[PDB]
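Student: Sharing a structure below in structure tokens format, with a few things to ask.
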Amino acid sequence: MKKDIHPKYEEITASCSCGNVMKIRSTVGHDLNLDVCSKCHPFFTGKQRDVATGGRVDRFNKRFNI
Amino acid sequence: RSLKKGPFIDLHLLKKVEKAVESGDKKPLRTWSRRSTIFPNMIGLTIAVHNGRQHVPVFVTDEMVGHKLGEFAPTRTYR
Amino acid sequence: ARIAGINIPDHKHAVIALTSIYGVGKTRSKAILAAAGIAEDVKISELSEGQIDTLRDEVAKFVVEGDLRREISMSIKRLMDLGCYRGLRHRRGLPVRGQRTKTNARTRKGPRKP
Amino acid sequence: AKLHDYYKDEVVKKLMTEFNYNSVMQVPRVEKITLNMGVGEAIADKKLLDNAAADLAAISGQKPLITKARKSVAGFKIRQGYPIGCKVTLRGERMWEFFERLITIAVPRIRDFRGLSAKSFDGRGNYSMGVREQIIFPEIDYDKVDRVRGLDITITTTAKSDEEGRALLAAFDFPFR
RNA sequence: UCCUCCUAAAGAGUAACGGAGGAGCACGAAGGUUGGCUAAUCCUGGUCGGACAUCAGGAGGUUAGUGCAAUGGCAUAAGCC
RNA sequence: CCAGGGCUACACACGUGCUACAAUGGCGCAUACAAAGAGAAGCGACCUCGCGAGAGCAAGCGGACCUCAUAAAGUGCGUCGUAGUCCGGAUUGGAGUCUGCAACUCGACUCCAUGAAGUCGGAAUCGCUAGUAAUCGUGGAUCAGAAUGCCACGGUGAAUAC
């Protein structure tokens, strides 16, 4: 790498909402506090709530109730 | 958004299609009850609804239960 | 202060500022702070981080910006591909609830181009 | 480089049981990640590309290379050798930290996230994806920026086929919806 | 008035109110040296991006480029940095 | 005579009105002052449930007594602090209540959510000289359900007419 043309590459300490701390090198600043990480993101469960959204006869039986 | 106690249907349409299910998927029912709500026990039939001058054939699926028969019959044409 | 949808406001009262998220208005915003123990007349920056996360999941108890836009879209698309009268008005950009299309309904139909 | 140590121990032996290789380095490996961001609208405002340089310098660990126009096409009013975009080719140990900060803390920060496509392959093993917003990387402060900077990320590997490349990429915890 | 091809009959040269095109400049770098690099055009994927910007891979081979009209030549590159 | 549809249809132009574009204003809490009317195949207290439209039960009154019915602008405090913003409410999605055999074409109202145009309007044009204009609320006729329209009632209440 060429000297003194790239920004500072200081290692920071990030952490999501669940408390999963990881050490990364980036250009953020002093530290980092995140709200979601890949080991806690609802992507293995957010695909479950996208396909199971259909149905009308089951809702129609919630009005007739017999 | 109406009729909280029991979905609406006519005697003449309820007694016709209840007689139609045991006779297979026979001839379309020529009916004028656009106000009748659709139940899960008419799915598959080609019942025809009078839009004002003809009876348009509509193929009822599973989802169309909250809607009435007069939803799918265009009464007023435009170009 | 980077809760569910995007929601980074500043220098605003909490119940008003929570209205920015797609899927929550005024009434539901008051239900979020009531279950989170947050003072309504206090700005977001004054609230600590230990109270930001306790309303992050409280907002997640209601359908929000991410999956509500597709939920609204599929409800419309179900009508559009159905052939019903509710779909045909969505097909042409016309009012669905039976309004005065003859002269009015400029907003639904669109700006007057000719 | 956590993922590079994860690659050299776990991923390489996992890929030996998928395509029954005889040599240890017949396996595919990543070669480079090119952070290209083709602004295009810099023909009028030259400082937009100057601000575009700071975006790729903050997302990555190095200053970008301002690309030049290869041809003179009348469809976009660009002449020969005109600065129109910027690219960042990350190689060595440094790209693994960006590869860590992409798939762990930046993929969850994608708005309306549903997953990545498994058909975005050139046919050789080089995956390519294009993000629409830069606020998936926590380096960007989201307020002093004026224009929403989207970009595209391609991952050039040493795989022979795109199916073989996806199998190597599947061991790095990708969504692949 | 000058330059390029044919006419022009395989050295040179060779006419017509013959068939075809240009020039009366430019550059202090577009010169010299050293070092390094080499295209066009298609296929696939990829934010805006779309036939066509930019990026990554593959085919392809100099059909690219040579400041300028054409001829000859050029990778040992005369082409590009 | 009957069932369904139309009278509500839509690239468009015009008339009459309601609501807005806000800070003499919005929102939240507390709170003061009316007149005129209507009621029985109705008005429907009080109480219970429901965020709510409303549901159950339900006395009193064909009436200066009972009900519709808590008048509102207005006052005090807190907040918003000039932004398309807590202004504005169209449009749309989901869920509902009442009416009526039946609310899809095409009823009203409510809850949640989405949140538009609009930042005071060109030429031109309209109404008004007083308790009028301007503004706020209420009632009635029509009516099974259904008005910003019509009729009527009161509250605050200008400026100017050389």
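Student: So if I take the centroid of the Cα atoms in region D:110-147 and the same for region C:66-91, what is the distance between those two points in Å?
Tutor: A separation of 29 Å, based on Cα centres.
Student: Per residue of A:16-29, how many C-beta atoms from partner chains lie within 10 Å of its own C-beta, taken as a mean? Don't skip to the answer; put the middle values down first.
Tutor: Working: counts 3, 5, 1, 0, 2, 0, 5, 3, 8, 9, 12, 9, 7, 3.
Mean shielding by partner chains, rounded to a whole number: 5.
Student: A follow-up question, please. Shielding of D:147-153 by partners, i.e. mean partner chain Cβ atoms within 10 Å per residue?
Tutor: Rounded to a whole number, the mean comes out at 0.
Student: Which residue fluctuates most in the GNM of chain C (Cα springs below 10 Å): C:92, C:78, C:56?
Tutor: Its mean-square fluctuation being the largest, the pick is C:92.
Student: If amide hydrogens are placed 1.01 Å from N in the peptide plane, which non-local residues have theirs closer than 5 Å to the one on residue D:36?
Tutor: Amide H neighbours of residue D:36: D:88, D:152, D:154.
Student: Please list, in chain and number order, the residues 5+ apart from residue B:49 or on another chain whose amide H is under 5 Å from its amide H, with Hs placed from the backbone.
Tutor: When sequence neighbours closer than 5 places are left aside, the close amide H contacts are B:56, B:58.
Student: A follow-up question, please. Taking Cα centroids, how far is region A:42-66 from region D:1-66 in Å?
Tutor: 41
Student: Ok, one more. Under a cut-off of 13 Å between alpha-carbon atoms, report the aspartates and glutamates in cross-link reach of residue D:47, not counting same-chain residues fewer than 8 places apart.
Tutor: D:55, D:146
Student: Right, something else. Please identify every one of the GluC sites (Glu not before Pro) in region D:1-90 that sits in a loop by DSSP and has no more than 14 other beta carbons within 10 Å of its own beta carbon.
Tutor: Loop-located and lightly packed - D:18.
Student: Most fluctuating residue of D:52, D:159, D:74 in a GNM of chain D with Cα springs under 10 Å: which is it?
Tutor: D:74
Student: Taking the 0 to 90 degree range and rounding to the nearest ten, how far is the long axis of helix D:94-103 tilted relative to the main principal axis of chain D, both from C-alpha atoms?
Tutor: Its long axis makes an angle of about 90 degrees.
Student: Suppose only helical runs count, i.e. DSSP H with n ≥ 4. What mean residue ellipticity at 222 nm does that imply for chain C under -39500 (n - 2.57) per run, divided by all residues and rounded to the nearest 500 deg cm²/dmol?
Tutor: Values: 6 runs with 54 residues, N = 114.
Helix-only estimate at 222 nm: -13500 deg cm²/dmol.
Student: Restricting attention to region C:1-37, which trypsin sites (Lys or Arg not before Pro) occupy a DSSP loop and are surrounded by at most 16 other Cβ atoms within 10 Å?
Tutor: Filter output for region C:1-37: C:12, C:26.
Student: Return the equivalent ellipsoid semi-axes of the protein assembly as shown as a descending list in whole Å, where each equals the square root of 5 times an eigenvalue of the C-alpha gyration tensor.
Tutor: Details: eigenvalues 532, 164, 137 Å².
So the three semi-axes of the protein assembly as shown are 52, 29, 26 Å.
Student: Next question. With Cβ to Cβ distances under 13 Å as the rule, what net charge do the other residues near residue B:60 carry (K, R +1; D, E -1)?
Tutor: For residues surrounding residue B:60, the net value is -2.
Student: Where a ≥ b ≥ c are the square roots of the eigenvalues of the C-alpha gyration tensor, would you call chain B rounded, which needs a/c under 1.5, or, failing that, prolate if a/b is larger than b/c, or oblate?
Tutor: In terms of gyration-tensor shape, oblate.
Student: In region C:20-90, how many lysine pairs have Cα atoms under 17 Å apart, counting only pairs 8 or more places apart or on different chains?
Tutor: Summing the qualifying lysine pairs gives 4.
Student: How many nm separate the modelled label positions at residue D:120 and residue C:105, each set 7 Å beyond the Cα in the direction of the Cβ?
Tutor: Inter-label distance under the simple model: 4.0 nm.
Student: Work out the mean other chain Cβ neighbour count within 10 Å for the residues of B:1-13 and drop it here as an integer. Walk me through the numbers before you get to the answer.
Tutor: Details: counts 0, 0, 1, 1, 1, 4, 3, 0, 0, 0, 0, 0, 0.
If you average over the peptide's residues, the count of other-chain Cβ atoms is 1.
Student: Given labels modelled 7 Å from the Cα in the Cβ direction, how far is it in nm from residue D:70 to residue C:31?
Tutor: Placing both labels 7 Å along Cα→Cβ, they lie 5.6 nm apart.
Student: Residue by residue through region D:58-70, which ³J(HN,Hα) values in whole Hz follow from phi under the Karplus form 6.51 cos²θ - 1.76 cosθ + 1.60 (θ = phi - 60°), with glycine and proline marked x?
Tutor: Rounded to whole hertz, the list is 8, 5, 8, x, 8, 5, x, 9, 6, 6, 10, 5, 6.
Student: Right, next: Around residue C:60, with a cut-off of 13 angstrom between Cβ atoms, what is the net charge of the other residues, counting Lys and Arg +1 and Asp and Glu -1?
Tutor: On the way: positive: A:49, C:28, C:56, C:61; negative: A:35, C:53, C:57, C:58, C:65, C:67.
After counting each charged neighbour, the total is -2.
Student: Quick one: what are the phi-derived ³J(HN,Hα) couplings along region B:3-13, Karplus 6.51/-1.76/1.60 with θ = phi - 60°, whole Hz, x for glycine and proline?
Tutor: 6, 4, 10, x, x, 8, 7, 8, 5, 5, 8
Student: In addition: Just to confirm the number: angle between the C-alpha axis of helix C:49-60 and the first principal axis of chain C, 0 to 90 degrees, nearest 10?
Tutor: 30
Student: Please give the helix C:65-80 orientation as an angle from the longest Cα principal axis of chain C, in degrees from 0 to 90, rounded to the nearest 10.
Tutor: Tilt of helix C:65-80: around 20 degrees.
Student: Note down the relative contact order for region C:1-92 as a percent, whole number, built from C-alpha pairs under 8 angstrom at least six residues apart.
Tutor: Details: 94 pairs, mean separation 26.0, N = 92.
Answer for region C:1-92 is 28 percent.
Student: Return the subset of D:87/D:144; D:2/D:119; B:27/B:68 for which the Cα-Cα distance in this structure is over 24 Å, preserving the input order.
Tutor: Correct reply: D:2/D:119.
Every residue, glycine among them, receives a Cβ derived from its backbone with ideal geometry; neighbour counts consider all protein chains shown. Laboratory data are not the source of any read-out in this text; all were calculated from the coordinates shown.
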